[PDB]
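Note on naming: letters A, B, ... go to the chains in the order of the sequence lines (proteins, then strands), and numbering restarts at 1 for each one. In what follows, every heavy atom counts, from backbone to side chain, and hydrogens, waters and symmetry copies are set aside.
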Amino acid sequence: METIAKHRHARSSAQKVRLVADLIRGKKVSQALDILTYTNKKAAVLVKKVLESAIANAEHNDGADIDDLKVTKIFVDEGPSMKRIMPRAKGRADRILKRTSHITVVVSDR
Amino acid sequence: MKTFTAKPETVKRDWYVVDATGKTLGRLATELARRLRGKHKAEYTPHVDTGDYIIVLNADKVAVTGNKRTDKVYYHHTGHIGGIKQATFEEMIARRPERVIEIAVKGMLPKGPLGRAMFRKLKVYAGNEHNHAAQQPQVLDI
Amino acid sequence: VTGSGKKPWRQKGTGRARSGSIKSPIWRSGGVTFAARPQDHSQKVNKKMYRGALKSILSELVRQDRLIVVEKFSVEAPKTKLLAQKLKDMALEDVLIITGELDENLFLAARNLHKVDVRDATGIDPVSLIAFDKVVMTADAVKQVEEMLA
Amino acid sequence: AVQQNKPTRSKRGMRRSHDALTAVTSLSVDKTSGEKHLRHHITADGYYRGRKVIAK
RNA sequence: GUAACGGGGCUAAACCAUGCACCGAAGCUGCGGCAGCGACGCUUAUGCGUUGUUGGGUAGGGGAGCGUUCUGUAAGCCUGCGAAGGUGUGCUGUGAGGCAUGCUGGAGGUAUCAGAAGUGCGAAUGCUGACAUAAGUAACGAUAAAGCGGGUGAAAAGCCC
RNA sequence: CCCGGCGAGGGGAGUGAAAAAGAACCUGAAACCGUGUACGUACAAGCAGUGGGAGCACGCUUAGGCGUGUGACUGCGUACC
């Protein structure tokens with residue numbers, strides 16, 4: 001039994017979040033939470049909330065035990081980009097992309 | 001049917017010992033290159049190393065015809081602006097006698113990863129003694 | 001195409017391809033390169049060629065036994081039920097009926113039957129003679145066709 | 001000043017081979033309170049080496 | 001930077017003369033297949049028995065076809081026992097292609113023979129939209145300057161005192 | 001109902017023929033960006049393919065020695081308009 005939690009349209013580029021995600025892939029949930037706690041990255045806060053939500057879903061919806069859970073799958077997907085205009089010198093205009101991402105965490109008792 | 005192809009994990013390689021005393025450098029080198037490539041075997045395959053291990057003794061006693069003993073020049077560039085260095089046949093024999101045969105054989109072998117692998121099977125010694133008795137080399141009068 | 005004839009940007013100086021009109025067919029929302037106009041597709045047919053084709057069609061219908069000649073063909077009242085019953089007796093379902101005089105009772109009865117058409121001797125056309133499985137022509141109608149074709 | 005050819009996705013991945021983060025090797029455990037903490041750092045509750053440093 | 005045999009090397013593995021072998025091309029021959037043009041059997045509503053010969057190709061000329069949308073044939077035919085489209089697999093023709101079928105999809109599609117074209121895109125510093133690259137790089141807009149305690153808050157270098 | 005900041009965003013439940021029709025909503029192609037598995041890759045030089053070809057993995061098979069993916073090594077080979 002595997003439980004899924006997602007955070008779609010997160011305000012962060014997929015590249016930045018992927019750095020944190022690779023730290024906890026395949027680790028036990030208890031160990032993963034400790035790693036995210038002491039990671040000085042904004043993406044760490046976002047990932048931790050998703051992981052905590054996935055753990056809660058397992059208890060309430062699947063009736064699983066936290067001691068047996070681990071991060072079996074975790075990946076970050078690119079989300080829609082917001083277009084903005086940044087004035088430059090000599091009247092030139094530039095396009096600014098505010099990239100977002102979809103964070104998915106899967107926890108299983110395996 | 002398809003033409004037979006040699007298998008690198010089932011090819012038989014033998015050990016031979018050759019004495020280079022008094023042998024012409026070029027004529028000796030061609031025979032060594034021929035056997036290192038396996039051209040003398042009916043199972044010869046261009047993309048497989050089917051040659052034999054060869055031990056060369058007395059590499060410092062090779063012979064050269066004409067005035068090549070003092071006129072043959074070995075050039076090599078170090079990669080820097082000055083770079084160009086040279087040494088005659090006499091100088092090479094005094095300093096690094098093994099390089100004389102090794103250089104000649106290398107130029108006679110194919111160029112590429114496989115040709116480099118073939119060169120690994122050649123053992124050249126300046127003296128008359130070798131420490132490969134465990135391999136039981138067979139005397140080769142070449 | 002609605003729009004102005006102003007040059008979108010100057011000929012030289014910018015790193016863009018030449019532009020002269022916003023209505024160019026290359027551009028999106030531009031005009032059609034060879035925009036169509038209303039036209040007449042009708043073709044001329046020689047009188048003799050048209051008459052010859054009808055004679056060939058009529059001859060073929062006789063050869064294939066698709067042409068039926070009857071003394072008369074009419075109904076008592078302008079009721080579709082009567083006409084449909086009549087065709088069942090003659091084993092006809094998709095037929096073209098040609099009569100010398102276009103009786104109003106017969107015309108009204110066949111109006112709702114989409115497989116049945118009633119025509120006058122002068123109203124025959126080459127396509128109709130081929131489209132319908134069978135053609136029924138009254139004896140007097142047969143006579144009228146002869147002078148038209150001669 | 002600028003590239004003459006578009007670098008490949010393969011080259012992009014090679015450059016990022018050194019961008020991976022490193023996780024803390026392990027967390028110290030306070031001798032008195034027993035809570036995990038960064039080594040040589042005070043705990044979230046204000047303890048350090050079981051001395052109960054100011055926690056106001 | 002050897003740099004006036006491609007290299008290794010060669011006193012023949014150089015040069016001259018003679019002789020016999022062998023290697024060597026999409027040339028020639030052998031085997032199988034396709035097509036064009038000729039004459040022949042007066043064969044045949046013509047394909048062969050055969051039969052010789054030909055088949056590199058730009059500008060360009062001639063000949064024969066594939067597929068797409070639409071009209072008739074069609075109030076027919078296929079289709080919720082799953083249409084078009086999307087995505088795989090197998091088979092098939094000399095080619096443009098065609099046929100069948102798993103999954104997706106959830107309502108249209110269309111034989112045959114004819115008819116008409118907004119009928120086939122990689123390029124035009126082509127047009128519009130989407131998304132890459134450089135790169136997590138430059139930069140965050142006057143070098144007048146900040147430090148600490150308390151409060152509020154999920155969170156305070158930037159807010160309040 | 002549950003995690004979360006009485007958020008955003010999700011996991012259940014329920015509705016429905018369908019929720020991978022959930023309003024960023026029919027169908028959902030391509031560029032582009034990811035996770036997993038098989039194989040190759042850290043002494044080897046160039047339009048990245050082609051001809052030959054070992055090994056490994058996997059599906060077959062009355063061992064039928066074939067198919068599929070990968071491609072050590074080797075001959076030839078300087079895109080298109």
Side-chain angles (χ1 to χ4, degrees), chain A residues 3-11 13-16 18-19 21 25 45 49-50 52-62 73-81 86 97 99 101-106, chain B residues 2-3 5-10 24-27 29-30 33 45-49 64-68 72-86 103-117, chain C residues 14-19 22 24-30 32-36 41 114-115 127 130-131, chain D residues 2-3 5-9 12 15-16 19:
Chain A
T3 317
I4 280 146
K6 297 149 141 178
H7 178 190
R8 301 178 81 243
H9 308 288
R11 276 298 317 279
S13 78
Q15 173 173 193
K16 287 166 176 168
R18 275 166 192 158
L19 297 164
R25 188 176 278 115
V45 180
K49 279 173 91 89
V50 180
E52 269 157 3
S53 174
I55 289 164
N57 291 344
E59 321 204 359
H60 196 257
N61 306 339
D62 303 8
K73 312 205 267 259
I74 183 166
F75 46 90
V76 190
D77 273 342
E78 288 173 343
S81 283
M86 160 91 67
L97 299 165
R99 298 170 172 287
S101 63
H102 304 317
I103 306 166
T104 299
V105 174
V106 189
Chain B
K2 293 182 151 34
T3 290
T5 179
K7 309 275 190 295
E9 46 287 300
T10 74
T24 300
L25 172 62
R27 275 140 210 292
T30 51
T45 314
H47 74 273
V48 181
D49 180 359
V64 277
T65 53
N67 295 120
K68 281 180 270 196
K72 200 198 204 314
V73 175
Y74 293 83
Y75 295 101
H76 80 271
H77 205 268
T78 72
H80 286 246
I81 316 110
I84 193 71
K85 311 283 209 67
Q86 58 166 94
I103 287 157
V105 169
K106 211 198 109 203
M108 277 165 198
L109 284 167
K111 275 79 196 169
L114 191 71
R116 251 123 49 200
Chain C
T14 75
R16 299 209 67 186
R18 312 137 156 188
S19 73
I22 195 165
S24 158
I26 297 170
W27 285 36
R28 172 183 177 280
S29 321
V32 187
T33 313
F34 300 118
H41 297 279
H114 72 93
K115 313 185 115 300
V127 169
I130 292 158
Chain D
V2 80
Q3 73 207 13
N5 289 277
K6 188 189 170 177
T8 75
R9 57 178 67 80
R12 180 185 63 209
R15 179 177 58 245
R16 292 174 185 180
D19 291 348

Those residues that, when tested against A:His7, pass ring-ring contact (aromatic ring centres under 6.0 Å, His included) (two or more places apart): none

With a cut-off of 5.5 Å for ring centres and 30° for planes, do F:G16 and F:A17 stack? no

Contacts of A:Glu52 meeting side-chain hydrogen bond (donor to acceptor under 3.5 Å, both in side chains) (sequence neighbours excluded), chain-then-number -> none

Where each residue is assigned the nucleotide of RNA chain E containing its nearest heavy atom, which of C:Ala17 and D:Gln3 is assigned the position nearer the 5′ end? C:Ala17

What residues form a side chain to side chain contact (heavy atoms under 4.5 Å, CB included) with D:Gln3, not counting sequence neighbours? D:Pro7

A:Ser53: what forms a side-chain hydrogen bond (donor to acceptor under 3.5 Å, both in side chains) with it, not counting sequence neighbours? none

Look at A:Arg18 and F:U35 and indicate whether a side-chain polar atom (N or O) is within less than 4.0 Å of OP1 or OP2. no

For atom CD1 of C:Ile22, is the number of surrounding heavy atoms from other residues, nucleotides or ligands below 6.0 Å larger than 12? no

Least distance between heavy atoms, A:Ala14 atom then A:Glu78 atom: CB-CG, 3.9 Å

Tell me the partner of E:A154, counting only Watson-Crick (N1-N3 plus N6-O4 or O6-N4) or G-U wobble (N1-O2 and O6-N3) with both under 3.5 Å; none if nothing fits. none

For B:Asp49, check side-chain hydrogen bond (donor to acceptor under 3.5 Å, both in side chains) against everything at least two apart and list the hits. B:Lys121

Under the side chain to side chain contact (heavy atoms under 4.5 Å, CB included) test, residues paired with B:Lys111 that sit two or more places apart: none

Assign a letter to each nucleotide of nucleotides 48-56 of chain F from its 5' end: B, base within under 4.0 Å of a protein heavy atom; S, sugar-phosphate only; -, no contact. ----BSSS-

Range on RNA chain E touched by chain D - first to last nucleotide, heavy-atom distance under 4.0 Å: E:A132 to E:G136

Could I get the full list of side-chain hydrogen bond (donor to acceptor under 3.5 Å, both in side chains) partners for D:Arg16, not counting sequence neighbours? A:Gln15

Tell me, please, which residues at least two apart from A:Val106 pass side chain to side chain contact (heavy atoms under 4.5 Å, CB included). A:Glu2, A:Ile4, A:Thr72, A:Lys73, A:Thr104

Please list, chain by chain and in numerical order, all residues satisfying side chain to side chain contact (heavy atoms under 4.5 Å, CB included) with B:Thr5, sequence neighbours excluded. B:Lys7, B:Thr45, B:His47

In Watson-Crick or G-U wobble terms, both distances under 3.5 Å, what is the partner of F:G69? F:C56

What nitrogen or oxygen pairs link the protein and nucleotides 22-24 of chain F at under 3.5 Å?
none

Syn or anti conformation of E:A45, syn meaning chi within 90° of 0: syn

